[PDB]
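Only one chain is given next, in structure tokens, and it is the form deposited in one PDB entry.
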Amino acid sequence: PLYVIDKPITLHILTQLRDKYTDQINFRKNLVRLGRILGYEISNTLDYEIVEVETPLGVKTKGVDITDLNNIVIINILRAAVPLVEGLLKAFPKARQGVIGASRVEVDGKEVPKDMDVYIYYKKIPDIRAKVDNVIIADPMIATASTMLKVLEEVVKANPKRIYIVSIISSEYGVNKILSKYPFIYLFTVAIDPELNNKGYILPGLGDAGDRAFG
């Protein structure tokens, strides 16, 4: 399932992020912001049940309860996901948090075509309850999806109820590469960019979210 959250509010922030004349304080702050907005979108897609409450004037009345806000396992993909996951926690307070690190298998002869043999050098995920939890992998940029797919490779094994992916900008290539392989995946993103260059950088993109937000 593809969800392209391109409303005015989100395209407004996305524009600020794109703009290179946007300093670090603002670039970082916008990541957190979207995190909370896309965090809200995913919320309106989670499993909920109808409940009954009793108002003050004593009137038992129906209501909704997103019981699944109790089964959230967010997975922070360093280094740029951090700020994104910050805003995500504002929507999923009850989430356990996984941390993952991945590096392109250092080749030597610049090759990044469709695959840069990614490799995990850090992994710390809480227990994922099979067919119960809703895993949410966060990473602002999905370019060649080498990273994402490598992370998924491991998550899929846990067999959680649902698997969500939250990115700001993902590439034409990267979105199809993922969904074709894992069609049951709920992929949320704000914009889907046409192409990526021969270095794996997304175009038009927005530069390096990691350095833009940290350095």
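Just count from 1 along the sequence shown to find any residue number. Take the two forms, superpose them, and find the largest set of C-alpha atoms that agree within 1.5 Å; that set is the rigid core.
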property	result
Of 118 to 126 and 73 to 81, the stretch whose C-alpha atoms average the higher B-factor in the entry	118 to 126
Selected stretch [higher average CA B-factor]: 200 to 208 or 11 to 19	200 to 208
Largest Cα B-factor, entry values, listed residues 138, 95, 145, 112	112
Most elevated Cα B-factor in the entry, residues 33, 60, 161, 181	60
Within-chain third of residue 50 by Cα B-factor, per the entry	highest
Within-chain third of residue 189 by Cα B-factor, per the entry	lowest
Chain third (lowest, middle, highest) by recorded CA B-factor, residue given as residue 56	highest
Entry-reported Cα temperature factor of residue 37, expressed as the chain third it lands in	lowest
Residue 100 by Cα B-factor - lowest, middle or highest third of the modelled chain	highest
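One more form of this protein, deposited in another entry, exists but is not displayed; see below.
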item	value
Cα displacement of residue 110 between this form and the one not shown reaching 2 Å, rigid core superposed	yes
Residue pair residue 111, residue 155 - Cα distance in that other deposited form, closer or farther (3 Å or more)	farther
Cα separation of residue 143 and residue 106 in that other deposited form versus here, shift of 3 Å or more	closer
